[PDB]
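Just the one chain here, the form deposited in one PDB entry, laid out as structure tokens.
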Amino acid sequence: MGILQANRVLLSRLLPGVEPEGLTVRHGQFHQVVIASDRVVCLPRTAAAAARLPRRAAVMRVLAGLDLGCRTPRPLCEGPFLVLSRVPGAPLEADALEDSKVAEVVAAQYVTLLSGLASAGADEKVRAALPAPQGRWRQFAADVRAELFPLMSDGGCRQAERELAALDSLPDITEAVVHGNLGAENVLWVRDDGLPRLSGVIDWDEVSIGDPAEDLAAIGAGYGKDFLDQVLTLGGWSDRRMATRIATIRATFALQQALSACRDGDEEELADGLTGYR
């Protein structure tokens, strides 16, 4: 009764002398994550997530070796559990981008990150370690129709059906390492020491080999089109066929949220997600 007390044997080993009741537990979908001052401990809730935990550690070790221009959670220990280093710094509010030199600097750092992700996609240690699913967008569309259309109005279903149609048109690219959920909260910064400096990136649960348009769409979602355009132009990705891929994938974000909220039993996320479609 209380995850901390329940796992106290392991925590005394992994964090000797650390009071368990002083820690913190984020409650994930697959994992309970115990937060310590410089590291976290991933405990698999289900026996599905415990079966994949060895795979996940291999992925994190691949990420930790890559040149991304920043930090990633490094596997410190695995045994079942995975201990990861905590990336320092905090998310940057969209507010800070109003200062144009700050915007310039942050855009530049995003470019380095995406470049390194793109470059890493050509590797083999990466390609053979990381998920690389076929037609993930077709499977997604099948899931939306099955699980979400019944929650939707006729106009909603029509609008969503256009969005899923657009997905068929996407090339099934596996060029780059794709974070998969590269929102503002997942990118951490050092602030109050001159202009913001990228510390690192977290929440790699969705990481795969795929299309970087996905990471770009996420940035645009978190910070708006102006800032995304600044990144697109700095990185030389402001072409038409990229823009199309971005827009198509960006339009699945509310539906992705709903689909996961549907499976979660998280009704607030489901309502928020379905706001357009009913």
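Don't overthink the numbering: it's just position in the shown sequence, from 1. Here, rigid core means the biggest group of C-alpha atoms that superpose within 1.5 Å across both forms.
Participant: Taking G79 and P80 as adjacent modelled residues, how many residues of the deposited sequence between them have no coordinates (none, 1 to 3, 4 to 9, 10 or more)?
Facilitator: 4 to 9 residues are missing.
Participant: Name the higher of the two by mean Cα B-factor in the PDB entry, 224-232 versus 40-48.
Facilitator: The entry gives the higher C-alpha B-factor average to 40-48.
Participant: Going by the average Cα B-factor in the PDB entry, point out whether 201-209 or 138-146 comes out higher.
Facilitator: Averaging CA B-factors over each stretch, the winner is 138-146.
Participant: Highest Cα temperature factor in the entry, among the options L188, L151, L97, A176: which one is it?
Facilitator: Each of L188, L151, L97, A176 was compared by C-alpha B-factor; the highest is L97.
Participant: Within this chain's modelled residues, let me know which third the CA B factor of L66 belongs to: lowest, middle or highest.
Facilitator: Its C-alpha B-factor, which the entry lists for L66, ranks in the lowest third among residues of this chain.
Participant: Of the three thirds of its chain by CA temperature factor, lowest, middle or highest, which one includes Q29?
Facilitator: As the PDB entry reports it, the C-alpha B-factor of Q29 lands in the highest third of its chain.
Participant: Just say lowest, middle or highest third for the CA B-factor of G17 relative to the other modelled residues in its chain.
Facilitator: It belongs to the lowest third of the chain when residues are ordered by C-alpha B-factor.
Participant: Grab the CA temperature factor for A120 from the record and place it in the lowest, middle or highest third of its chain.
Facilitator: Tercile = middle for this residue's CA B-factor.
Participant: Select lowest, middle or highest to describe the third in which the CA B-factor of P131 falls within its chain in this entry.
Facilitator: Ranked within chain, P131 CA B lands in the highest tercile.
In what follows, reference is made to the form deposited in another entry, a form of this protein that is not presented.
Participant: Fix the rigid core, compare C-alpha positions between this form and the one not shown, and report which of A120, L198, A160, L130 shifts by 2 Å or more.
Facilitator: Single residue meeting the criterion: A160.
Participant: Is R71 among the residues whose Cα moves by 2 Å or more between this form and the one not shown after superposition of the rigid core?
Facilitator: No; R71 is a residue whose C-alpha shifts by less than 2 Å between this form and the one not shown when the cores are overlaid.
Participant: Inspect the rigid-core superposition and answer whether the C-alpha of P88 shifts by 2 angstroms or more between this form and the one not shown.
Facilitator: Stays below the 2 Å threshold, so no.
Participant: Core aligned, does the CA of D143 move at least 2 Å between this form and the one not shown?
Facilitator: Yes: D143 shifts by at least 2 Å between this form and the one not shown.
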